[PDB]
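A short worksheet on the structure shown next.
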Amino acid sequence: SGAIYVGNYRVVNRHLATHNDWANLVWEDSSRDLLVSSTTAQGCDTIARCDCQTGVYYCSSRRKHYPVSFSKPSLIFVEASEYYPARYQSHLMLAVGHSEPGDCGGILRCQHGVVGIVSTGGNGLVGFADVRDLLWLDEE
Ligand SMILES: Cc1cccc(N(C)C(=O)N2CC[C@H](C(N)=O)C2)c1
Ligand SMILES: [Zn+2]
């Protein structure tokens with residue numbers, strides 16, 4: 007579990023969105039595993055606006071933050087899970103790092119701010135859903 011809180015937005019994995027998230031929906035995209043809902047209180051996270059390929063992510067199944075090198079956002083094949091059939095997920099970045107199913111939500115960050123959130127993984131891989139292209143998170 008985990009979310010990004012920027013301005014009056016809450017960014018979560020679409021497959022973990024709550025009823026309150028769907029009832030206060032701003033935007034969702036199944037192909038990216040992302041959903042954004044509105045919040046009453048203002049958040050403290052800042053979104054990175056960069057092309058960094060190194061950063062640090064939070065792994066809840068180890069209670070640790072790990073430095074990682076990650077790929078550029080791309081269209082990657084993902085294997086079936088309890089939440090999605092085997093399919094191509096867009097704007098996904100891969101890194102080598104421990105990950106387990108309930109780690110989705112953990113933040114990946116660089117020197118500029120939040121880069122994305124854990125969305126996939128397994129066998130020593132960890133996949134991140136990128137948010138750096140969502141410029142509208144910075145306003146209104
Ligand atoms: C972090 C982790 C570790 C091992 C496996 C995973 N996967 C395979 C997983 O639970 N899902 C559920 C939906 C997600 C997706 N974005 O398609 C894939 C994640
Ligand atoms: Zn950066």
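Note that the entry's author numbering gives residue 122 to position 116 of the sequence shown, counting from 1, and the numbers run on in steps of one. Just so it is clear, CB atoms sit at the ideal spot from N, CA and C, and this is done for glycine as well.
So what does DSSP say about residue i, is it helix, strand or coil?
i	result
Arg-38	helix
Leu-140	coil
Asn-26	helix
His-21	helix
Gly-111	coil
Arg-55	coil
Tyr-89	coil
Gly-13	strand
Over the uninterrupted beta strand (DSSP E) stretch that includes residue i, give me the two end residues.
i	result
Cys-65	60 to 65
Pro-73	70 to 75
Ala-101	93 to 102
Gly-128	119 to 128
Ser-80	80 to 84
For residue i, tell me which candidate among the options has the shortest Cα-Cα distance.
i	options	result
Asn-30	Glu-88, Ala-23 and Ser-44	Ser-44
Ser-80	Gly-133, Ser-67 and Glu-88	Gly-133
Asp-51	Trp-28, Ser-37 and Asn-14	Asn-14
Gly-61	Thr-24, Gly-119, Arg-16 and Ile-82	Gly-119
residue 4	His-97, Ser-66 and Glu-34	Past the boundaries of the shown model lies residue 4; the chain is included only from 7 to 146, so the question cannot be answered.
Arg-115	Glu-34, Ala-135, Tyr-94 and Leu-131	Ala-135
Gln-48	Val-12, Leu-140 and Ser-75	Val-12
Give every residue whose Cβ lies closer than 6 angstroms to any heavy atom of ligand 2, listed in chain order. Output, sorted by chain position: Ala-54, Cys-56, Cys-58, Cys-116, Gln-117 and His-118.
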